[PDB]
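Protein chains in written order, with our numbering: chain A, 45 to 149; chain B, 42 to 146; chain C, 21 to 259; chain D, 10 to 123. Take a look at the structure set out below.
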Amino acid sequence: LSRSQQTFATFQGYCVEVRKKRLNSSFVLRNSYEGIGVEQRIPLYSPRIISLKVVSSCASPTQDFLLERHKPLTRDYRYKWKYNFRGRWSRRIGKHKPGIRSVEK
Amino acid sequence: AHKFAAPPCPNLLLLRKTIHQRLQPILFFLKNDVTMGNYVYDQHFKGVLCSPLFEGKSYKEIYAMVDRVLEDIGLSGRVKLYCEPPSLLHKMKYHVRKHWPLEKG
Amino acid sequence: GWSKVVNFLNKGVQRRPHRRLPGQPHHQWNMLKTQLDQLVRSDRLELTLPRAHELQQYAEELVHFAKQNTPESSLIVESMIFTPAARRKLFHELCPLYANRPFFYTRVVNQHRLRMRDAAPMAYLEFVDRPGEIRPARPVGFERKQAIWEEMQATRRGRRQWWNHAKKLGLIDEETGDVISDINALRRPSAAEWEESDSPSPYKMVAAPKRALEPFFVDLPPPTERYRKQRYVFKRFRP
Amino acid sequence: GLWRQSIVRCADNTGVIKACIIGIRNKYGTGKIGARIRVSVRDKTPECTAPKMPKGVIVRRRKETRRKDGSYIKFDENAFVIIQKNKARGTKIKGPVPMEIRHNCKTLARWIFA
RNA sequence: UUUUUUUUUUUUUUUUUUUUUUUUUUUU
RNA sequence: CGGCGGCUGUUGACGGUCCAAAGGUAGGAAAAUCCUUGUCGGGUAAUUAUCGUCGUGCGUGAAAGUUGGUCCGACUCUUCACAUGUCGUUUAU
RNA sequence: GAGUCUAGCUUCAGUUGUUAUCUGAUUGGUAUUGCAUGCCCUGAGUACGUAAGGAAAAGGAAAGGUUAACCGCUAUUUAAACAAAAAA
């Protein structure tokens, strides 16, 4: 906390997010104290970090799946269904109300 | 959030006391459900839940514990709760951004 | 207009990577998808220059993902074709073809002419290394090495220019510091070829350049001549 | 951040539950931690002794707060503490307290690092 | 990867920053 | 079938006098009417806006339709609740 | 005749306000401040004053607010998902 005052600090929490970068990488920790939830993000590369330890891990393929950059299955994403809407002032084309359309029909 | 006071709400207090005593969540929210009825109060509840106990379990088992806990107080079919594991908190992206009233009780 | 506004407005404006098309995105993608299949089925298409420069982006990706021969890649290829005929051709005539071609299977040719009815530019989108191509294509693989060796052996200037490059390819004999004499020694089997498995009949087929010929005559026009239809029908005016 | 017409809770054990902000030294609704503000009491307990218009300072903020060291601190609620004669009215503070508080009232908190 | 304030930085210079114009050519 | 009032004396049941066919009844009452801040109470950090009430400040007025229990509401207004770029203050496709 | 970099002029407000005599071989002879809201600290509990009470010269810093610039960090939105092997 304070180098001059020799005041240290010890935080504990569960990992929620790990932003993977080169130098600006950080980790987000969340916990609760007396029913009040607190959240703090700490950079990986920092000179202030006295120590870092893990109390309980969750080694499993689910964590590895989250810890990996996945690729699209198909090129269907280019469809952009969210853009398929109808104008308020536009001519009537079927029985679709103003707004996003449907794909069932 | 809540300008003025609100009518007596014992069920909300009971739910808050029971959840914080049994499930020990880290991100627990609650509010009254107005979609069920505007002229009705202290009947229907809606909120978000998250606790470490839901790690390494399927959705069926995750919701079974919530239903069992609600059965002990008699509010099983009156609370619409959305729960996700702490690791998958990103799934609740579009569930925190929403306004959360502040009931007095 | 004034022809000055174009210039005045364009100042400090970034270029668009993907050219805009008439219609919603869902429509645009459909359009491009169908045109890719039509391009695969023809071998050359005549299109406007802007559009010819746009379709070539997916024309390359289709063949790039078709050569992987993986379940994953197969999915992506499936996700870019409509008709079975285009799938068949892509998987039976184009994949074997570009066995040795790292990339760049298509090109765009400008016609330097304007449409009569529209006054718009025109261009051709033709595949590379196909029958009746506009211009010949360069060799790849062992063909390239043979070409290079030929060039080297031709004249001194070629030798000098290719000296450095030849070393990598192995066309220079390190034991004597001279160009390799026998070039056939660098022959290797390609993927396109058929691996070894290991008559007095009157109905024997006759060898011929694209496909063999039967020993019998069948009264039938070519595939492109046995199905006629009016291109356009006049619409009488109603005064 | 915080803005006028905003409801915030009280971290002290005086008895007040929540209060409405009346004023703040800001224009763009970016209220920070440790900023003096005026509160109007809306609800009270049957054994409360707080005034009608207590004066306090922002302790906790929902919105994330940036640190000098490149870190960030976030909370789940917005609470304040009453101040009188340059001292707190109550005797204990509920929950943790951030480091970004120039005032010495943070010593009454239980976990300054949390 | 792009844009933006909801983020960050400055609040100094004025003979400074900058600029479309070499002028002994008094009848192009 | 138009409508229905003066002086003066003790807050004033009561006494004098002029006039007339009769000389506002009861109810409502700060009002589809006087006045664009009447006294007090409920809401808000502020209420002259609005409800309740008093019945003086001016005044309306009974099959001219007055008052109104219950029920009822595309009729004014007070006030509560959810979401919300209405907003300080504006962004991206 | 031609290419580059430039002199002069021009530029928000505005002005004409600067150097007698001259250390004898003795550590040497003006120097980038025009300008200015509020609160706090050192000076200072000092000057002042029975008492209550309570200044300036200078510097240092935390909010709020305006202009301009930018994408290293955070927040919102959003796009992309393709060629290392000359055995390919």
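Backbone N, C-alpha and C fix where the C-beta goes; we use that ideal spot for every residue, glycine too.
_Distance, residue 44(D) Cα to residue 90(D) Cα_ = Residue 90(D) and residue 44(D): Cα-Cα distance of roughly 11 Å.
*asked:* With a threshold of 9 Å between beta-carbons, can residue 125(A) be considered close to chain C, or not?
replied: Closer than 9 Å to the CB of residue 125(A) there is at least one CB belonging to chain C.
*Beta-carbon of residue 128(A) versus every beta-carbon of chain D: anything under 9 Å?*
Not an interface residue.
*Taking the alpha-carbon positions, what's the residue 88(A) to residue 210(C) distance?*
Going by C-alpha positions, residue 88(A) is about 50 Å away from residue 210(C).
*Can you check DSSP and say which residues form a bridge with residue 76(B)?*
None, per the DSSP bridge assignment.
*Do you know how far the Cα of residue 68(B) is from the Cα of residue 105(B)?*
Taking the straight line joining both Cα atoms gives about 19 Å.
*residue 175(C) versus residue 193(C): straight-line alpha-carbon distance, rounded*: If I take the Cα positions, the gap works out to 18 Å.
_Beta bridge counterpart(s) of residue 97(D) as assigned by DSSP_ = DSSP lists 92(D) as partners of residue 97(D).
*From residue 97(A) to residue 75(A), what does the alpha carbon distance come to, in whole angstroms?*
In a straight line, the C-alpha of residue 97(A) is about 16 Å away from that of residue 75(A).
*asked:* Pull the bridge partners of residue 51(A) from the DSSP assignment, please.
replied: Under DSSP, the beta-bridge partners assigned to residue 51(A) are 46(A).
*asked:* Taking contact to mean 3 or more Cβ pairs, one atom from each stretch, closer than 8 Å, check whether the region 94-113 of chain D and the region 101-110 of chain A are in contact.
replied: Touching, no, given that fewer than three Cβ pairs across the two stretches are closer than 8 Å.
*Looking at chain A, which residues of the region 70-98 of chain B have a Cβ within less than 8 Å of any of its Cβ atoms?*
For the region 70-98 of chain B, which is checked against every Cβ of chain A, the residues closer than 8 Å are 93, 96 and 97.
_Run of the beta strand (DSSP E) containing residue 46(D), from where it starts to where it stops_ = Annotation: the continuous beta strand (DSSP E) that includes residue 46(D) extends over 45-50.
*Buried or exposed for residue 93(A), please, with buried defined as at least 16 other CB atoms from any protein chain shown within 10 angstroms of its CB.*
Around the beta carbon of residue 93(A), fewer than 16 other beta carbons sit within 10 angstroms, so the residue counts as exposed.
*Once you ignore the five residues that flank residue 52(B) on each side, which residues in its own chain have a CB closer than 6 Å to its CB?*
Here the set comprises 83.
*Can you give me the Cβ contacts of residue 58(A) inside the same chain, cut-off strictly under 8 Å, excluding the 5 residues immediately before and after it?*
Here the set comprises 73, 74 and 75.
*What residues in the region 24-54 of chain D bring their beta carbon closer than 9 Å to a beta carbon of chain B?*
Against chain B - using a Cβ distance shorter than 9 Å - the residues of the region 24-54 of chain D are 26, 27, 29, 51 and 52.
*Would residue 118(A) count as contacting chain C if we go by Cβ distances under 9 Å?*
Residue 118(A) has a beta carbon lying within less than 9 Å of a beta carbon in chain C.
*Could you tell me which of 124(C), 258(C) and 191(C) sits nearest to residue 204(C), measuring between CA atoms?*
With distances taken between CA atoms, residue 204(C) lies nearest to 191(C) out of 124(C), 258(C) and 191(C).
*Is the distance from the Cβ of residue 56(C) to the Cβ of residue 118(A) below 9 Å?*
With respect to residue 118(A), residue 56(C) sits apart: the two C-beta atoms are not nearer than 9 Å.
*Contact check, residue 62(C) vs residue 120(A) under 8 Å by CB: the rounded distance?*
Contact flag wrong, Cβ pair sits at about 26 Å.
*Given a cut-off of 9 Å, decide if residue 56(A) and residue 99(A) are closer than it, judged by their beta-carbon atoms.*
A contact, by the Cβ cut-off of 9 Å.
*Where in the region 201-232 of chain C do unbroken runs of the alpha helix (DSSP H), each at least 4 residues long, occur, reported from the N-terminal end onward?*
Counting only runs that start and end inside the region 201-232 of chain C, there is no alpha helix (DSSP H) element of at least 4 residues.
*Beta-carbon proximity of residue 146(C) to residue 127(C), cut-off 9 Å*: In this structure, residue 127(C) lies closer than 9 Å to residue 146(C) by Cβ.
*If we call anything under 9 Å between Cβ atoms a contact, is residue 29(D) one with residue 44(B)?*
Their beta carbons are under 9 Å apart, which means residue 29(D) touches residue 44(B) by this criterion.
*Would you verify that the beta carbon of residue 122(A) is, or is not, closer than 9 Å to some beta carbon of chain C?*
Taking Cβ atoms only, chain C reaches closer than 9 Å to residue 122(A), which makes this a yes.
*Close-in-space but distant-in-sequence residues of the same chain around residue 65(B) (CB under 7 Å, 5 per side omitted)*: Closer than 7 Å at the Cβ level, and outside the excluded window around residue 65(B), lie 92.
*Per DSSP, which residues does residue 83(D) bridge with? Please list them.*
For residue 83(D), which the question treats as bridged, DSSP gives the partners 83(A).
*Mind checking the region 44-67 of chain B against chain A and listing, in chain order, the residues whose C-beta falls within less than 7 Å of any C-beta there?*
Taking a C-beta cut-off of 7 Å against chain A, the contacting residues of the region 44-67 of chain B are 61 and 67, listed in chain order.
*Please confirm whether residue 69(C) and residue 141(C) have their CB atoms less than 9 Å apart.*
It is a contact, given that the beta carbons lie within the stated cut-off.
*Check residue 42(C) in the structure and name its three-state DSSP category.*
Correct three-state label for residue 42(C): coil.
_Residue range of the unbroken beta strand (DSSP E) whose run includes residue 126(C)_ = It spans 126-134 - the beta strand (DSSP E) in which residue 126(C) sits, taken as one unbroken run.
*Should the region 59-73 of chain D be called in touch with the region 91-99 of chain D, which here means at least 3 C-beta pairs below 8 Å?*
A contact between stretches requires three or more CB pairs, one per stretch, nearer than 8 Å, and the region 59-73 of chain D meets this requirement with the region 91-99 of chain D.
*Kindly identify the DSSP beta-bridge partner or partners of residue 63(A).*
Beta-bridge pairing links residue 63(A) to 70(A).
*Considering residue 146(C), what are the terminal residues of the beta strand (DSSP E) in which it resides?*
Per DSSP, the unbroken beta strand (DSSP E) holding residue 146(C) starts and ends at 141-147.
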